[PDB]
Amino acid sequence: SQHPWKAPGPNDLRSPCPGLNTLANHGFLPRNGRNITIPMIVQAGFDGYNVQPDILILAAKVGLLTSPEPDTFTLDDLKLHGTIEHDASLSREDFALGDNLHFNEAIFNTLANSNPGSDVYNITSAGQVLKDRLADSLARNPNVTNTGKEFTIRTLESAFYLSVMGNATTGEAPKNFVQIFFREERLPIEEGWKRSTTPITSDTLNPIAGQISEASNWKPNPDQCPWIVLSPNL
């Protein structure tokens, strides 16, 4: 109740990440999306979601590469293509095709309509979505980057939405909570969402991501070396 949802205003920077954006929209991260340090990310992920430090620390260290500042980033910086941001997102367009930053319903339609006839999204549907989103990028984006780096991140992001909106042990999440999370970047509190009472860790997320990977029918582009883009000055 000390962390109400408020829509970002024009000064309030946001990322391509529903996880961080929802934390900002509740004031777990700064509402203005600016001046974010690694400890702020670690604290916010714990307080909002019961996500534990190891995975947040690595992501946040990589995220600092997107920023010219010594030890902060803004949420907008994290759009930098090829650092973390990648093609075949669940809810954003590819950088070469359109807007890699903002929620897009037409892209999200695939995830929205997944697991038809169930009340949850689960590992199986999440892998089908990864398969279909990458096939779309390969069909329409001549510049798609699809290495083990991007695929690993995509499996972890799908494990994240299942775990933070759902059950972090089983990887099942109520569809309506996932929809609100992406579309509104809001914690669905009035709708009955509760913060996980089990810690969400690398040991809970990695097995879910691995099972999603096995359900994705994936292969890498064989000619592309994985890379983390190291600065936005290129």
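Residue numbers here begin at 1 and follow the sequence given.
For the pair 206-214 and 16-24, the mean B factor over Cα atoms is greater in 206-214. Higher average CA B factor: 112-120, of the stretches 112-120 and 80-88. When the CA B factors of the chain's modelled residues are split into thirds, the value for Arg34 lands in the middle one. Looking at the C-alpha B-factors along this chain, the one for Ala106 belongs to the highest third. Ranked by Cα temperature factor within the chain, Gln43 sits in the lowest third according to the deposited record. Among all modelled residues in its chain, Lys194 ranks in the highest third by Cα B-factor. When all modelled residues of the chain are sorted by CA temperature factor, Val129 is found within the lowest third.
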